[PDB]
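Peer 1: build me a model from this:
(chains A, B, C and D)
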Amino acid sequence: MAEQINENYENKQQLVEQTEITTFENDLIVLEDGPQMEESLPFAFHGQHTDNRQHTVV
Amino acid sequence: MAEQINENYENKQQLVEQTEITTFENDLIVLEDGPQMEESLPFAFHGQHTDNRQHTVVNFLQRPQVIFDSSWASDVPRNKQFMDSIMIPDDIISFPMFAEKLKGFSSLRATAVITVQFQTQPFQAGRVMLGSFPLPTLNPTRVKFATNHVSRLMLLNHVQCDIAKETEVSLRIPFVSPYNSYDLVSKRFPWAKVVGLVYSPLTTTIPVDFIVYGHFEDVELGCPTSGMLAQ
Amino acid sequence: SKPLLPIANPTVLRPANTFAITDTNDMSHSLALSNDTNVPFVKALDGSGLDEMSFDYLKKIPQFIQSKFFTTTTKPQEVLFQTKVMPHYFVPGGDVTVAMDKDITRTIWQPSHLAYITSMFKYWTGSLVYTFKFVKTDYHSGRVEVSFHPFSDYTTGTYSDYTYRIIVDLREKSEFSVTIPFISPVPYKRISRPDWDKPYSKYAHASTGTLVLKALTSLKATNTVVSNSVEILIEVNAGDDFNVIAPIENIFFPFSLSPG
Amino acid sequence: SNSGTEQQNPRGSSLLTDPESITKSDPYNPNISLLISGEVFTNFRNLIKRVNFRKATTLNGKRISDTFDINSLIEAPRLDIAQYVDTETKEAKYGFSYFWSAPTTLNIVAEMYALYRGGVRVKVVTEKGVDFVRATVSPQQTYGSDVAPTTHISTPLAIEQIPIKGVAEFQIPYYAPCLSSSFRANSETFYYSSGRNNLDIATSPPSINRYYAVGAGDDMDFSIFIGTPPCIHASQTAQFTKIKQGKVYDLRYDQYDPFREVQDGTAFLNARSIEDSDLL
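Peer 2: Numbers count the residues shown, from 1 in each chain, chains lettered A, B, ... in the order given. Coordinates below:
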């Protein structure tokens, strides 16, 4: 390997987030927010719209 | 139970073969044939056409999808839009990658994720706000008053970006509705309207470019359906 | 059997239970299938376990209240921002401005988030959280001084060196947010109509003191690459001990709009 | 610290944790609301239980009924623009007005939220000589029929006797198909998210004036924070401009509350409710 002595740029290996297919590799800052302490309603409350099964593409 | 004494007709419980969705229930005889002793070629022999991974229909929804790719100059001031408004999920699921997959499903209950990129060379200033008004078709009386002014959007669920600090920004919008899900066949009851305001104007002539991504997480797909309505 | 009965306690009868009270009981008829028919409380309807109805949640939401500028013509010791310490403000440009005739227009100044939430009460207390945003680059520079004058004004003869202050060096830094405590001779101060252009000596009953954002320096900037103006963006948050009592007032009447 | 390069106080962070004090010490004082106020306030869920007067029915005749929608009471009433014409000099003066209406404690909280869930409490005050008051709910729409019945045979009935209980208190449950319902006007027509209900208040003998006070039932709950509503200054109630035939109050209001004075403001000439499109 060609050896490289870097001290002015951080190997920002985070700010690298693949989401299924797309890979973002970012400089400066990555921010994320929303309503905190997220919960979900139990399945009796909804789920009158679905069957008790999942369908893939296969 | 009304009791039934049958001796002339077989309770042909076989000849009943469901194949994923369709159930055949047959009389007389069911026949099936082909080349016998089937084998498969090992994966080295083929598989130069696939990745070492499988894609369901839940991803394809977890994929980020470009919605907007534009700019905004220094002429737009505070409290004015820098990007077009986005209906969640109407302006997202109308792209072909998602729409081709959601088809054949009744409804969708998931949290949507709007991510926005920002391009800045270090000499540019400004701040920009990205908020979301919940259920805009159910309370249309209140939409444009909660989104025409910063400080009425930011007390809602919002996400800010300092142009010279944040290069990416992502707001997580959980599903919220009077209902259980989002009707896909009729596109009824969008659960948020993403709007983008200017918290502070640009200080140079050089405009700023932005890309708006959108995907879903926490995905619960509904019942399979034909999905066609009269007109 | 059927024997007599002893006399009961003397009672006193009303037309209605007390409207004013939150608790105890209500005499209404139930139009449901059964009496005390109630819908169970379901939380996290909004997707989060935070009780979106709780006062201690609503009060902690930041909101922009005023903008100022910080330029290369700013003199040192020049006040950039000066406010009475109080939760309730007015929305800067978010007025309700409706047309009355072909040429008569009227403007209603609109309430702060805190102003509205405390609008039905009479007294408040607790610490406040003032946030200052500086829309700039890493290639502007400046010192500001955020000094909390708890009982007094900022006038002539007002040295800020007596007071808890923060001298922040804005070279790379861009934001700033402090919790301003509740220091007052009274356990509670008055909710009121907000007034920016008043000192503390007037409104002494509604504010704890004055906070001041003061320049220690001109804004340093080369004009050929970055600007000379940088906008100060002030937000107001309401601490954690922020307590509000005596619900016998109204400063703001809300109304709904008509679909057009 | 108090300053830096990352956002020092975003929303999601403000909900949970406060920034460092200017003193760099503990900035908090202990709660003593119970020690001075004598009571503690923490949640608007309890405060909405307070019942205040909301609307009044005057401009009908001597009727034996008054039917109106229930969800309209969770809204704050419409603010109207009032045209006044000087009987002498014939120039127009312009103010604001609540047409036989006013907001409630309930309406201050409900206008911050998007959906509701639970029962509404309605209490009625009538004029003298009324003996009874009866309350019934009905669906407003027999779905699929161009007309709704004028009677019902299995609906709820609730009778209060005025001369022995002067305020007729009723509680209207939550009857809607969905988990949490909507209470504001919309143009949605495909299928509905509101539980559309009528409420018929009767008087024996028939009377003209009906004063309604509304409040939150025990099971009252609102869902999604949306923001502060459009407001009007309360001080604007006493400000007035004088003209020939009388006073013109900036915030004009009727005797909605059967216990408030009638303000000495002259009647307007035209009324127009502020639409969402009128905002500038």
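Peer 1: right, and residue D:67 touches residue D:210 too?
Peer 2: No. Assessed by Cβ atoms under 8 Å, residue D:67 is found out of contact with residue D:210, at 11.2 Å. C-betas here are computed from N, CA, C, even on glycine.
Peer 1: between these two, which one's more packed in?
Peer 2: Comparing residue D:67 with residue D:210 by other Cβ atoms under 10 Å in any protein chain shown, the one with more neighbours is residue D:210, at 25 against 13.
Peer 1: from residue D:172, how far out is that one?
Peer 2: According to Cβ to Cβ, to the nearest Å, residue D:210 and residue D:172 sit 16 Å apart.
Peer 1: for residue C:197, same thing?
Peer 2: Distance from residue C:197 to residue D:172, by Cβ to Cβ: 48 Å.
Peer 1: ok, those two, which is more surrounded?
Peer 2: Neighbour count, other Cβ under 10 Å: between residue C:197 and residue D:172, residue D:172 has more, with 25 against 5.
Peer 1: does that one have beta-bridge partners, and which?
Peer 2: residue D:120 (DSSP bridges).
Peer 1: which residue does chain A bring closest to chain D?
Peer 2: residue A:33 (4.3 Å; Cβ to the nearest Cβ).
Peer 1: give me the phi and psi angles of that residue.
Peer 2: When read as degrees, to the nearest 10, the backbone of residue A:33 gives phi -150, psi 170.
Peer 1: quick one, what contacts it?
Peer 2: Residues in contact with residue A:33, defined by Cβ atoms under 8 Å, 6 or more residues apart in numbering or on different chains, are B:158, B:159, B:170, B:171, B:172, D:10, D:11, D:12.
Peer 1: and the closest residue to it other than its chain neighbours, how many neighbours?
Peer 2: Excluding its sequence neighbours, the residue lying closest to residue A:33 (Cβ to Cβ, 6 or more residues apart in numbering or on different chains) is residue D:12, at 4.3 Å. Residue D:12 has 19 neighbouring residues, counting by other Cβ under 10 Å.
Peer 1: so residue D:12 sits against residue A:36, correct?
Peer 2: Yes. The criterion here is Cβ under 8 Å, and residue D:12 meets it with residue A:36 at 5.1 Å.
Peer 1: picking up where we left off before, mind checking how far the strand or helix carrying the residue nearest to residue A:33 is from the chain centre?
Peer 2: According to DSSP states H and E, residue D:12 maps onto helix D:11-14. Its chain's C-alpha centre and that of helix D:11-14 lie 31 Å apart, by Cα atoms, centre = their mean, to the nearest Å.
Peer 1: go on, stretch C:3-23?
Peer 2: Stretch C:3-23 has its average C-alpha position 43 Å from the chain's average C-alpha position, going by Cα atoms, centre = their mean.
Peer 1: mind listing what's buried in it?
Peer 2: Residues C:16, C:17, C:19, C:22 are the ones in stretch C:3-23 that count as buried (16 or more other Cβ atoms under 10 Å in any protein chain shown).
Peer 1: next, see if that stretch gets close to chain D.
Peer 2: Yes. Using Cβ under 8 Å from any Cβ of the partner chain, stretch C:3-23 reaches chain D at C:15, C:16, C:17, C:19, C:20, C:21, C:22, C:23.
Peer 1: what's the closest of these to chain B?
Peer 2: Closest approach between the residues of stretch C:3-23 next to chain D and chain B, by Cβ to the nearest Cβ: residue C:22, at 25.6 Å.
Peer 1: what's the local residue count around residue C:100?
Peer 2: Applying other Cβ under 10 Å, we find 17 residues neighbouring residue C:100.
Peer 1: that one and residue C:186, how far apart?
Peer 2: In terms of Cβ to Cβ, residue C:100 sits 42 Å off from residue C:186.
Peer 1: repeat for residue D:3
Peer 2: Counting by Cβ to Cβ, the gap from residue D:3 to residue C:186 is 31 Å.
Peer 1: which residues does residue D:93 bridge with?
Peer 2: residue D:84.
Peer 1: just the helices in chain D please.
Peer 2: D:11-14, D:33-36, D:44-47, D:105-110 (DSSP state H).
Peer 1: what sits up against the last one?
Peer 2: It stands for helix D:105-110. With Cβ under 8 Å, 6+ apart as the test, helix D:105-110 has contacts from C:53, C:119-120, C:254, D:44, D:47-48, D:50-52, D:54, D:73-77, D:116, D:183, D:214-216, D:220, D:222.
Peer 1: what sits closest to the residue minimising distance to the centre of chain A if chain neighbours are left out?
Peer 2: In chain A, the C-alpha nearest the mean C-alpha coordinate belongs to residue A:19, at 5.4 Å (Cα atoms, centre = their mean). Excluding the flanking residues, the one nearest residue A:19 by Cβ to Cβ, 6+ apart is residue B:64, at 5.4 Å.
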